[PDB]
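Read the structure below first, then the notes.
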Amino acid sequence: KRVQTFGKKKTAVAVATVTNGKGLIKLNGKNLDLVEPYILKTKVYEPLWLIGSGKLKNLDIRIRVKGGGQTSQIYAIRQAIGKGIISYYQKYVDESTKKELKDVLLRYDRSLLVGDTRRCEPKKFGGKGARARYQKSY
Amino acid sequence: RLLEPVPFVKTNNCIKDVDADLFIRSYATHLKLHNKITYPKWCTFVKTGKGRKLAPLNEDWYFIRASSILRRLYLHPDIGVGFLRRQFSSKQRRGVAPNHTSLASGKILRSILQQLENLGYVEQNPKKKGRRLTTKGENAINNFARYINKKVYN
Amino acid sequence: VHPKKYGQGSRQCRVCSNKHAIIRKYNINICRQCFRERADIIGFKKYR
Amino acid sequence: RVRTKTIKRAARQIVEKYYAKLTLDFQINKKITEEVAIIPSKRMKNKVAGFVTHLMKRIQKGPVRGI
Amino acid sequence: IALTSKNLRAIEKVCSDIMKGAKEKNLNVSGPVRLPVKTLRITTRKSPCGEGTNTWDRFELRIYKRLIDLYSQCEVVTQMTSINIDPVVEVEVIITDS
Amino acid sequence: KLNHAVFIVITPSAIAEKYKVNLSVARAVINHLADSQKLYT
Amino acid sequence: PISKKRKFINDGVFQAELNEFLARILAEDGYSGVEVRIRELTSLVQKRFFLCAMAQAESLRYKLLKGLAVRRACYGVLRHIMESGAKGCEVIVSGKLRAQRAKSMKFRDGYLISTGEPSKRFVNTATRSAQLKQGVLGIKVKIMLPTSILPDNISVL
Amino acid sequence: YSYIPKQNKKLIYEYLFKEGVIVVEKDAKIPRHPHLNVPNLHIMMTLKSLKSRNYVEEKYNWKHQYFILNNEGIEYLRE
RNA sequence: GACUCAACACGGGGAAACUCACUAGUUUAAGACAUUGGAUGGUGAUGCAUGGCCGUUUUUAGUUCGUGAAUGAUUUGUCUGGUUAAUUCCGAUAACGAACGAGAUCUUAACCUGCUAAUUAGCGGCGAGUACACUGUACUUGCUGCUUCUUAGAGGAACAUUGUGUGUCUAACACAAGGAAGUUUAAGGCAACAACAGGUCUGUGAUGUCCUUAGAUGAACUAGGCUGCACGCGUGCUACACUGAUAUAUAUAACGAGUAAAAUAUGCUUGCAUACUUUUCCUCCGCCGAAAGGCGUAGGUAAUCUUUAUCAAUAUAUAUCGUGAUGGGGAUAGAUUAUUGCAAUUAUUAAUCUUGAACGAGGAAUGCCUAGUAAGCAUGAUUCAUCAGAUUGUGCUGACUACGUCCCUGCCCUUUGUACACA
Ligand SMILES: [Mg+2]
Ligand SMILES: [Mg+2]
Ligand SMILES: [Mg+2]
Ligand SMILES: [Mg+2]
Ligand SMILES: [Mg+2]
Ligand SMILES: [Mg+2]
Ligand SMILES: [Mg+2]
Ligand SMILES: [Mg+2]
Ligand SMILES: [Mg+2]
Ligand SMILES: [Mg+2]
Ligand SMILES: [Zn+2]
């Protein structure tokens, strides 16, 4: 019927509501036709390509993204999609198919199912960044 | 230019399902064709915001701005002048001191809004907050978007 | 007498009347050294 | 990634008293440790359990040099 | 009902107590909702002087605001509130229909 | 120095190299032929 | 009307002030308290508003004021602490002290943990500056209390 | 200012008697004491004077002065 | 004041006045108490009189005891070696056994309970529509099961677990699988012993002595100065362009932080008195204003409002340039319009117009850095009446190169030598 999972890259949680439908796939109120830059577009479409466009004619998808920059957001979206489709399959479709899909995803790469755990480390005094200290002249 | 083999169908119904810049351009063109909106007096020798230190260089930038504003209105429920200004902000290089963010020249925006309301596209709502789109205007925008989509398909 | 209402010399530390280095956030109005000593009693614990 | 005397000492103490309870299974060992000794941490407890397991492994294949 | 406090565990205990009190009878009590802990951070520079590689220290007074709802009469709620309690947890009861 | 002019396998750089021209002029030429980086044949 | 953050800070400040007031007043007392002859104190507070370490420190200061042989006094204090069931202690006295230049003198008995949040928890610490002949003598007392159990121990039954 | 009216002084004394203690605020240009609208400087001066005779005992905290009345002082106040 | 690391955007020190200690002067008692004695005040003198606090030695691994053993200071323990981030362990052993330090602990950040909870968070549920699709999608007003996301309490999870190497097959390491995670998972916080004649009495009513005490080195007021400039050394910012400026359009953060003076009326001579109520901080919004800002009003003492299903810039897309000190660059300057303030000149800052300097990647030297790091990009907060080029947090775009070694530099260790011990 309807399944809600998230992605996560840096801060940037893309929540993918995957429902029964005709196969549209959207972001907040906009088609995945947009995303934003033409270069990165492939990182969002990739899981779909892996799984096949015919498999998602049963499944509508909406995605709510919040927080983060651009690339991170894209990554989050991708992650959400990956988790989402697979989650749907695990519940309402068969198990074998789900397994197959998972295998395919693994063969392509990590990041689709399992998350990127990295996050901005606290800046420390005596410097501008995390490690980068100021400057001594003696 | 934009078109490509995608793995889904696109419900080309509202403007959120259209590519932005192109749409804006189209709207500007339409406006020009109509002669529905003017180009006040000061428009032709003003600077759009503190940070720009230079005139637009687009000739019909006003129209473009208006189009953008329409889109913005459609996107959000109730949107002020301040918000608009914030939206059309850029980096102001203060020469030697590092850059700050720069709030846009709001006057022009306000004028545009006024014009739109006169024409019957935007609506100062007494409930809630500052000026959203008026329903007819919204419908028109949607129609335009649809047209654009059709053109692209063709 | 001359306007003593808005400036560094207008107000002071609550504790020792020093016009320099006052923590003026949250209306604490303690010069920072003094605050550092009384941070325990006020309920300011160093975690990170 | 080596164990302090406190961990080691604890391990030594266990296997002296509670060798009966223990078998080469980590979870079980951890449970036993929890039952017996007063480790306030989780991580520390886990570490202790691991070392106990290691000790156990070392025995059965020979003398440990302790206990 | 809003329970503002500085000490977490104590606050939690208080909340638990009030829940217990509620569970007696007559109280449609919504569960305890802990609010966003708006932490007062002061970054003071250590050292009175200007000597030593200027180490700062981030203090954090982390206030725990806690929130809980009920559909009841004033006296009863007052009674419920009386768990004895002490100077540490700051209580406030709102007796509004809205 | 190389003061290129204005009055008189397609890319702007190539054009510049060949006839000794400003790249705005190259762009213009390209446009004419057709009739932010470029590629033409 | 005042905000929550503002309120909390204010309360903290008030607490601090109260503590300071108590310190000022009660040189003759085993002071710790802070929970609200005494009538005057109450009045003062109203006007304003609209085993233990501190006590030991105070005692030490009093002794110093009286004029003892210092070391002996410290020893006595240590003994008292021991009697009162302390797992460990530490006293420091730095300042002028007999000679003109320098001279910090440690006085430990039982073991005194210094690093960790255990230190923060399981020690009471106190600092008094006893004014004397030609300057100030600088007390700091540090008591390790009975634990509610230390993180280092792993007690097998 | 250095006026010091007599009536005002008397009033201050009465107030002190009623209380037993006076929290002065060691501030130069603060106009009034919280309860009684007297120039604060005058009040401070009076308290200092009292302290000098040992009619009042003082224990200075931060900002405030915290004066507590002595038995001799009380006796004097009888007037 | 501070002078190698361990002074030099440091004293939270971005000083127009106040700050203010200084300069030119002018007032005042804030001279208690019995003109005299006698205190009281000092951003006066002295950190080499001290307190406390902070720095460094040192975030490294180090310090100590009990007893034993080896005229004395002492040594041993606390070590040839292996191992460790670590006097971390193992192993050897005149030592054995402790304690502090390390480790543990604390705080975050990392992934789960599809258990605990549901506003001031959402998701749906569903009415009401407005547009368009097919036989649902986008968008607002009105009403009120789920907890994935949003908040935050308690739990869980990694221990080198299983696999295989190297290792006295000891302590342990390397690789592989599993996994959210395998350098104590990442980051801090805490900080032993002993010091340094390190800093601070210019943080203190912590504080000694000496000085000063009405022609005050006290406080208060009026300017002026800390910003003055042949020059030397710091920390930064901005640059030297085309992976770029310019100008439109598009995209999208996280931590945050936000409440004596003025208005209007009455009574009298711009002043006072009396009455009465919004404003003192964040600004929505609506109007005026090129711009800055202004005026009117609105919410907010805050998960409610500023505002956060988006407050930013790098981004990206499309145009104008076209390698030319060039539209790179914005110094220096000239003249207004504002805002803050009692007061803006030695221009507070801001805006508008114009001025178009050095700089074509930087010599001798030297700094910082190993994964969400460097760098770039901004931005919140601290100071704040006003003013970031500072600091301090926070995020966004996300490299290179190790994965080691003692060659330099600096610490530490054993041996060795010393006429040094102020080392
Ligand atoms: Mg320890
Ligand atoms: Mg300034
Ligand atoms: Mg001055
Ligand atoms: Mg010194
Ligand atoms: Mg030794
Ligand atoms: Mg530690
Ligand atoms: Mg200066
Ligand atoms: Mg600064
Ligand atoms: Mg070096
Ligand atoms: Mg010698
Ligand atoms: Zn102070």
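In the structure tokens, the first chain shown is A, the next is B, and so on; residue numbers restart at 1 for each chain, and ligands run from 1 in the order shown.
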**Request:** Name the residues, by chain letter and number, that sit within 8 Å of ligand 3 using only C-alpha atoms (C1' of nucleotides) and all ligand atoms, and give them as a PyMOL selection string.
**Result:** chain I and resi 15+17-20+225
Please write the residues from the selection above to a file, keeping N, CA and C atoms (P, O5', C5', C4', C3', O3' and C1' of nucleotides), as a PDB file, in the first residue's frame.
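Saved file out_4.pdb follows:
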```pdb
ATOM      1  P     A I  15      37.696  50.668  18.970  1.00  0.00           P
ATOM      2  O5'   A I  15      38.195  50.610  20.484  1.00  0.00           O
ATOM      3  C5'   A I  15      37.301  50.356  21.590  1.00  0.00           C
ATOM      4  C4'   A I  15      37.118  51.607  22.422  1.00  0.00           C
ATOM      5  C3'   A I  15      36.937  52.914  21.646  1.00  0.00           C
ATOM      6  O3'   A I  15      35.555  53.198  21.437  1.00  0.00           O
ATOM      7  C1'   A I  15      38.790  53.110  23.103  1.00  0.00           C
ATOM      8  P     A I  17      37.089  58.311  23.170  1.00  0.00           P
ATOM      9  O5'   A I  17      35.961  59.406  23.428  1.00  0.00           O
ATOM     10  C5'   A I  17      36.252  60.667  24.056  1.00  0.00           C
ATOM     11  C4'   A I  17      35.095  61.073  24.932  1.00  0.00           C
ATOM     12  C3'   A I  17      35.020  60.379  26.290  1.00  0.00           C
ATOM     13  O3'   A I  17      35.831  61.035  27.266  1.00  0.00           O
ATOM     14  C1'   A I  17      32.877  60.409  25.247  1.00  0.00           C
ATOM     15  P     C I  18      36.623  60.187  28.381  1.00  0.00           P
ATOM     16  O5'   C I  18      35.486  59.267  29.015  1.00  0.00           O
ATOM     17  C5'   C I  18      34.539  59.779  29.974  1.00  0.00           C
ATOM     18  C4'   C I  18      33.589  58.694  30.434  1.00  0.00           C
ATOM     19  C3'   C I  18      34.214  57.365  30.843  1.00  0.00           C
ATOM     20  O3'   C I  18      34.734  57.384  32.175  1.00  0.00           O
ATOM     21  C1'   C I  18      32.359  56.960  29.437  1.00  0.00           C
ATOM     22  P     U I  19      36.292  57.061  32.456  1.00  0.00           P
ATOM     23  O5'   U I  19      36.481  55.599  31.852  1.00  0.00           O
ATOM     24  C5'   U I  19      35.769  54.458  32.364  1.00  0.00           C
ATOM     25  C4'   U I  19      35.820  53.321  31.369  1.00  0.00           C
ATOM     26  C3'   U I  19      37.197  52.753  31.048  1.00  0.00           C
ATOM     27  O3'   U I  19      37.658  51.773  31.979  1.00  0.00           O
ATOM     28  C1'   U I  19      36.000  53.114  29.035  1.00  0.00           C
ATOM     29  P     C I  20      38.611  52.154  33.233  1.00  0.00           P
ATOM     30  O5'   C I  20      39.215  53.590  32.893  1.00  0.00           O
ATOM     31  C5'   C I  20      39.974  54.298  33.900  1.00  0.00           C
ATOM     32  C4'   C I  20      40.908  55.316  33.283  1.00  0.00           C
ATOM     33  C3'   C I  20      40.284  56.671  32.941  1.00  0.00           C
ATOM     34  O3'   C I  20      41.188  57.778  33.012  1.00  0.00           O
ATOM     35  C1'   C I  20      41.171  55.730  30.995  1.00  0.00           C
ATOM     36  P     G I 225      42.818  63.990  18.995  1.00  0.00           P
ATOM     37  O5'   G I 225      43.713  63.048  19.922  1.00  0.00           O
ATOM     38  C5'   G I 225      45.151  63.128  19.870  1.00  0.00           C
ATOM     39  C4'   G I 225      45.804  62.191  20.863  1.00  0.00           C
ATOM     40  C3'   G I 225      45.635  60.705  20.604  1.00  0.00           C
ATOM     41  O3'   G I 225      46.446  60.260  19.521  1.00  0.00           O
ATOM     42  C1'   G I 225      45.467  61.162  22.930  1.00  0.00           C
TER      43        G I 225
END
```
Range 44-57 of chain A: which residues within 6 Å, counting only C-alpha atoms (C1' of nucleotides), same-chain residues fewer than 4 positions away excluded, as a PDB file with C-alpha atoms, in the first residue's frame?
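result_36.pdb, freshly written:
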```pdb
ATOM      1  CA  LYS A  22       1.254   4.410 -11.851  1.00  0.00           C
ATOM      2  CA  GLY A  23       4.983   5.403 -11.624  1.00  0.00           C
ATOM      3  CA  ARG A  78      19.262   8.309  -3.727  1.00  0.00           C
TER       4      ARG A  78
ATOM      5  CA  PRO B   7      12.208   5.951 -16.182  1.00  0.00           C
TER       6      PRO B   7
END
```
**Request:** Using only C-alpha atoms (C1' of nucleotides) and all ligand atoms, find each residue with an atom at most 9 Å away from ligand 9 and format the answer as number ranges by chain.
**Result:** I: 366-367, 409-410
**Asked** Hey, what does DSSP flag as strand (DSSP E) within range 6-123 of chain A? Can you give it to me as a ChimeraX atom specification?
**Response** /A:6,13-20,26-27,30-31,59-66
Could you turn the residues from that selection into a file that holds N, CA, C and O atoms, as an mmCIF file, in the first residue's frame?
```cif
data_model
loop_
_atom_site.group_PDB
_atom_site.id
_atom_site.type_symbol
_atom_site.label_atom_id
_atom_site.label_comp_id
_atom_site.auth_asym_id
_atom_site.auth_seq_id
_atom_site.Cartn_x
_atom_site.Cartn_y
_atom_site.Cartn_z
ATOM 1 N N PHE A 6 13.732 6.670 5.136
ATOM 2 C CA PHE A 6 14.589 7.848 4.928
ATOM 3 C C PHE A 6 15.939 7.491 4.308
ATOM 4 O O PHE A 6 16.382 6.344 4.363
ATOM 5 N N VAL A 13 18.085 14.731 5.267
ATOM 6 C CA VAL A 13 17.244 13.553 5.408
ATOM 7 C C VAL A 13 16.193 13.647 4.306
ATOM 8 O O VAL A 13 15.349 14.548 4.331
ATOM 9 N N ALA A 14 16.270 12.746 3.326
ATOM 10 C CA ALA A 14 15.251 12.629 2.282
ATOM 11 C C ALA A 14 14.303 11.499 2.670
ATOM 12 O O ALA A 14 14.719 10.344 2.713
ATOM 13 N N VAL A 15 13.049 11.837 2.981
ATOM 14 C CA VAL A 15 12.044 10.845 3.398
ATOM 15 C C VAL A 15 11.227 10.425 2.181
ATOM 16 O O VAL A 15 10.481 11.239 1.624
ATOM 17 N N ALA A 16 11.375 9.156 1.788
ATOM 18 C CA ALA A 16 10.717 8.594 0.607
ATOM 19 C C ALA A 16 9.460 7.818 0.997
ATOM 20 O O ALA A 16 9.555 6.719 1.555
ATOM 21 N N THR A 17 8.293 8.405 0.714
ATOM 22 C CA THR A 17 7.006 7.705 0.801
ATOM 23 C C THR A 17 6.762 6.989 -0.538
ATOM 24 O O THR A 17 6.559 7.642 -1.573
ATOM 25 N N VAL A 18 6.820 5.654 -0.496
ATOM 26 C CA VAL A 18 6.647 4.779 -1.659
ATOM 27 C C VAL A 18 5.269 4.127 -1.567
ATOM 28 O O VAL A 18 5.028 3.330 -0.660
ATOM 29 N N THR A 19 4.382 4.457 -2.508
ATOM 30 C CA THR A 19 2.982 4.004 -2.492
ATOM 31 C C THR A 19 2.599 3.209 -3.747
ATOM 32 O O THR A 19 3.349 3.192 -4.722
ATOM 33 N N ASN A 20 1.438 2.547 -3.704
ATOM 34 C CA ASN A 20 0.835 1.943 -4.913
ATOM 35 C C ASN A 20 0.336 3.023 -5.887
ATOM 36 O O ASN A 20 -0.316 3.981 -5.468
ATOM 37 N N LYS A 26 8.513 11.774 -7.258
ATOM 38 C CA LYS A 26 8.580 13.239 -7.059
ATOM 39 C C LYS A 26 9.356 13.717 -5.816
ATOM 40 O O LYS A 26 9.670 12.928 -4.921
ATOM 41 N N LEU A 27 9.647 15.025 -5.797
ATOM 42 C CA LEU A 27 10.375 15.712 -4.713
ATOM 43 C C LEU A 27 9.607 16.934 -4.194
ATOM 44 O O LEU A 27 9.530 17.956 -4.881
ATOM 45 N N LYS A 30 7.662 18.530 -6.964
ATOM 46 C CA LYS A 30 8.306 18.659 -8.271
ATOM 47 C C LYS A 30 8.731 17.291 -8.777
ATOM 48 O O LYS A 30 9.057 16.410 -7.981
ATOM 49 N N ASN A 31 8.738 17.122 -10.099
ATOM 50 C CA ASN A 31 9.216 15.880 -10.722
ATOM 51 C C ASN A 31 10.737 15.727 -10.593
ATOM 52 O O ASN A 31 11.458 16.722 -10.470
ATOM 53 N N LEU A 59 4.516 1.331 -8.596
ATOM 54 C CA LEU A 59 4.892 2.126 -7.421
ATOM 55 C C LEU A 59 5.023 3.627 -7.700
ATOM 56 O O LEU A 59 5.921 4.051 -8.432
ATOM 57 N N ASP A 60 4.123 4.419 -7.115
ATOM 58 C CA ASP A 60 4.316 5.874 -6.987
ATOM 59 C C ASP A 60 5.329 6.144 -5.869
ATOM 60 O O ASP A 60 5.451 5.349 -4.934
ATOM 61 N N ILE A 61 6.060 7.255 -5.984
ATOM 62 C CA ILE A 61 7.025 7.685 -4.959
ATOM 63 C C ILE A 61 6.949 9.206 -4.777
ATOM 64 O O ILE A 61 6.997 9.960 -5.751
ATOM 65 N N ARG A 62 6.810 9.649 -3.527
ATOM 66 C CA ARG A 62 7.040 11.055 -3.175
ATOM 67 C C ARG A 62 8.224 11.099 -2.228
ATOM 68 O O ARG A 62 8.417 10.172 -1.446
ATOM 69 N N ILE A 63 9.018 12.168 -2.305
ATOM 70 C CA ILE A 63 10.216 12.318 -1.472
ATOM 71 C C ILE A 63 10.245 13.718 -0.850
ATOM 72 O O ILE A 63 10.245 14.707 -1.574
ATOM 73 N N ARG A 64 10.268 13.796 0.483
ATOM 74 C CA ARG A 64 10.409 15.081 1.184
ATOM 75 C C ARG A 64 11.831 15.256 1.698
ATOM 76 O O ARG A 64 12.270 14.496 2.566
ATOM 77 N N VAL A 65 12.538 16.254 1.159
ATOM 78 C CA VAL A 65 13.930 16.541 1.535
ATOM 79 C C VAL A 65 13.994 17.821 2.370
ATOM 80 O O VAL A 65 13.224 18.761 2.158
ATOM 81 N N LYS A 66 14.928 17.836 3.317
ATOM 82 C CA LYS A 66 15.062 18.916 4.281
ATOM 83 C C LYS A 66 16.484 18.894 4.826
ATOM 84 O O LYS A 66 17.006 17.826 5.141
#
```
**Asked** With distances taken over only C-alpha atoms, which of E:2, E:95, E:18, E:70 is nearest to chain G?
**Response**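 Between E:2, E:95, E:18, E:70, the residue approaching chain G most closely is E:2.
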Shell around residue 96 in chain E at 12 Å using only C-alpha atoms (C1' of nucleotides), local window under 5 positions removed, as an mmCIF file with C-alpha atoms, in the first residue's frame:
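What ended up in part_0.cif:
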```
data_model
loop_
_atom_site.group_PDB
_atom_site.id
_atom_site.type_symbol
_atom_site.label_atom_id
_atom_site.label_comp_id
_atom_site.auth_asym_id
_atom_site.auth_seq_id
_atom_site.Cartn_x
_atom_site.Cartn_y
_atom_site.Cartn_z
ATOM 1 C CA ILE E 1 1.443 21.644 32.561
ATOM 2 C CA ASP E 69 -1.430 17.737 29.172
ATOM 3 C CA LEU E 70 -4.714 16.954 31.022
ATOM 4 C CA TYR E 71 -8.547 17.256 30.868
ATOM 5 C CA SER E 72 -9.495 17.965 34.514
ATOM 6 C CA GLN E 73 -10.627 20.287 37.351
ATOM 7 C CA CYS E 74 -8.139 22.646 39.076
#
```
Test item: residues no farther than 10 Å from ligand 2, counting only C-alpha atoms (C1' of nucleotides) and all ligand atoms, as a PDB file with N, CA, C and O atoms (P, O5', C5', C4', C3', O3' and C1' of nucleotides), in the first residue's frame:
```
ATOM      1  P     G I  14      40.130  44.086  20.205  1.00  0.00           P
ATOM      2  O5'   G I  14      38.937  45.144  20.168  1.00  0.00           O
ATOM      3  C5'   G I  14      39.164  46.530  19.830  1.00  0.00           C
ATOM      4  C4'   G I  14      38.518  46.871  18.505  1.00  0.00           C
ATOM      5  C3'   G I  14      37.627  48.105  18.492  1.00  0.00           C
ATOM      6  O3'   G I  14      38.323  49.337  18.352  1.00  0.00           O
ATOM      7  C1'   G I  14      36.539  46.338  17.369  1.00  0.00           C
ATOM      8  P     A I  15      37.696  50.668  18.970  1.00  0.00           P
ATOM      9  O5'   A I  15      38.195  50.610  20.484  1.00  0.00           O
ATOM     10  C5'   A I  15      37.301  50.356  21.590  1.00  0.00           C
ATOM     11  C4'   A I  15      37.118  51.607  22.422  1.00  0.00           C
ATOM     12  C3'   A I  15      36.937  52.914  21.646  1.00  0.00           C
ATOM     13  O3'   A I  15      35.555  53.198  21.437  1.00  0.00           O
ATOM     14  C1'   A I  15      38.790  53.110  23.103  1.00  0.00           C
ATOM     15  P     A I  16      35.073  53.947  20.102  1.00  0.00           P
ATOM     16  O5'   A I  16      35.702  55.402  20.261  1.00  0.00           O
ATOM     17  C5'   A I  16      36.298  56.087  19.138  1.00  0.00           C
ATOM     18  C4'   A I  16      36.349  57.587  19.359  1.00  0.00           C
ATOM     19  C3'   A I  16      36.001  58.119  20.755  1.00  0.00           C
ATOM     20  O3'   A I  16      37.179  58.241  21.559  1.00  0.00           O
ATOM     21  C1'   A I  16      34.699  59.232  19.113  1.00  0.00           C
ATOM     22  P     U I 227      47.296  52.370  19.468  1.00  0.00           P
ATOM     23  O5'   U I 227      46.625  52.919  18.131  1.00  0.00           O
ATOM     24  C5'   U I 227      47.334  53.796  17.234  1.00  0.00           C
ATOM     25  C4'   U I 227      46.385  54.298  16.171  1.00  0.00           C
ATOM     26  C3'   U I 227      46.773  55.579  15.432  1.00  0.00           C
ATOM     27  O3'   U I 227      47.395  55.301  14.177  1.00  0.00           O
ATOM     28  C1'   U I 227      44.402  55.372  15.801  1.00  0.00           C
ATOM     29  P     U I 348      33.541  59.348  11.369  1.00  0.00           P
ATOM     30  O5'   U I 348      33.728  57.773  11.209  1.00  0.00           O
ATOM     31  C5'   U I 348      34.592  57.032  12.094  1.00  0.00           C
ATOM     32  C4'   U I 348      33.836  55.915  12.778  1.00  0.00           C
ATOM     33  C3'   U I 348      33.312  54.806  11.883  1.00  0.00           C
ATOM     34  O3'   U I 348      34.346  53.902  11.504  1.00  0.00           O
ATOM     35  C1'   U I 348      31.710  55.352  13.561  1.00  0.00           C
ATOM     36  P     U I 349      34.597  53.562   9.957  1.00  0.00           P
ATOM     37  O5'   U I 349      33.241  52.845   9.523  1.00  0.00           O
ATOM     38  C5'   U I 349      32.870  51.571  10.079  1.00  0.00           C
ATOM     39  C4'   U I 349      31.376  51.340   9.996  1.00  0.00           C
ATOM     40  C3'   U I 349      30.745  51.336   8.615  1.00  0.00           C
ATOM     41  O3'   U I 349      30.995  50.127   7.904  1.00  0.00           O
ATOM     42  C1'   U I 349      29.382  52.589  10.083  1.00  0.00           C
ATOM     43  P     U I 386      23.210  48.923  18.694  1.00  0.00           P
ATOM     44  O5'   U I 386      24.186  49.622  17.646  1.00  0.00           O
ATOM     45  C5'   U I 386      23.663  50.483  16.619  1.00  0.00           C
ATOM     46  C4'   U I 386      24.784  51.224  15.933  1.00  0.00           C
ATOM     47  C3'   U I 386      25.839  50.354  15.264  1.00  0.00           C
ATOM     48  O3'   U I 386      25.430  50.086  13.925  1.00  0.00           O
ATOM     49  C1'   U I 386      26.833  52.180  16.472  1.00  0.00           C
ATOM     50  P     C I 387      25.519  48.604  13.323  1.00  0.00           P
ATOM     51  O5'   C I 387      27.089  48.382  13.174  1.00  0.00           O
ATOM     52  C5'   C I 387      27.781  48.941  12.047  1.00  0.00           C
ATOM     53  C4'   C I 387      29.271  48.974  12.280  1.00  0.00           C
ATOM     54  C3'   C I 387      29.979  47.651  12.520  1.00  0.00           C
ATOM     55  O3'   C I 387      30.105  46.853  11.338  1.00  0.00           O
ATOM     56  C1'   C I 387      30.901  49.362  13.898  1.00  0.00           C
TER      57        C I 387
END
```
**Request:** Just the residues within 10 Å of range 32-38 of chain D, please, counting only C-alpha atoms (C1' of nucleotides), with nothing from its chain fewer than 4 positions along; format it as an MDAnalysis selection string.
**Result:** (chainID D and resid 10:11 13:14 17:18 21:22 26:28 42 45:46 48:49 52) or (chainID G and resid 149 151 153:157)
Give me, as a tab-separated table, the closest atom pair and its distance (Å, one decimal) for every residue of chain F within a cut-off of 8 Å of chain I, counting only C-alpha atoms (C1' of nucleotides), rows sorted by chain and rising number.
```
residue	atom	partner	partner_atom	distance
F:3	CA	I:324	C1'	7.4
F:22	CA	I:322	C1'	6.0
F:23	CA	I:322	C1'	5.6
F:24	CA	I:322	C1'	6.7
F:36	CA	I:318	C1'	7.8
```
Restricted to C-alpha atoms, what would the selected residues look like written as a PDB file, in the first residue's frame?
```pdb
ATOM      1  CA  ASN F   3      46.260  42.377 -30.446  1.00  0.00           C
ATOM      2  CA  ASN F  22      38.560  37.843 -30.289  1.00  0.00           C
ATOM      3  CA  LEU F  23      36.520  34.949 -28.904  1.00  0.00           C
ATOM      4  CA  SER F  24      33.320  37.015 -28.836  1.00  0.00           C
ATOM      5  CA  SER F  36      28.867  28.351 -21.830  1.00  0.00           C
TER       6      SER F  36
END
```
**Fill in**
CA of residue 83 in chain G to CA of residue 125 in chain G measures 18.2 Å
**Request:** List all protein, DNA and RNA residues that have an atom no more than 7 Å from any atom of ligand 5, counting only C-alpha atoms (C1' of nucleotides) and all ligand atoms, and report them as a ChimeraX atom specification.
**Result:** /I:75-76,78
**Asked** Could you list, as a list in words, all the residues within 12 Å of ligand 8, counting only C-alpha atoms (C1' of nucleotides) and all ligand atoms?
**Response** residues 21 of chain C; 9, 10, 11, 12, 13, 14, 235, 236, 382, 383, 388, 389, 390, 391 and 392 of chain I
**Message:** With only C-alpha atoms considered, list every residue of chain C at most 8 Å from chain E, as a list in words.
**Reply:**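 Output check: residues 32, 33, 36, 39, 43, 44, 45, 46, 47 and 48 of chain C.
Picture a line from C1' of residue 243 in chain I to CA of residue 68 in chain B; it runs 29.3 Å.
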**Request:** Restrict the distance test to only C-alpha atoms (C1' of nucleotides), flag each residue of chain G within 7 Å of chain I, and return the flagged residues as a ChimeraX atom specification.
**Result:** /G:1-3,95-96,100-101,111-118,129,134-138,151-152
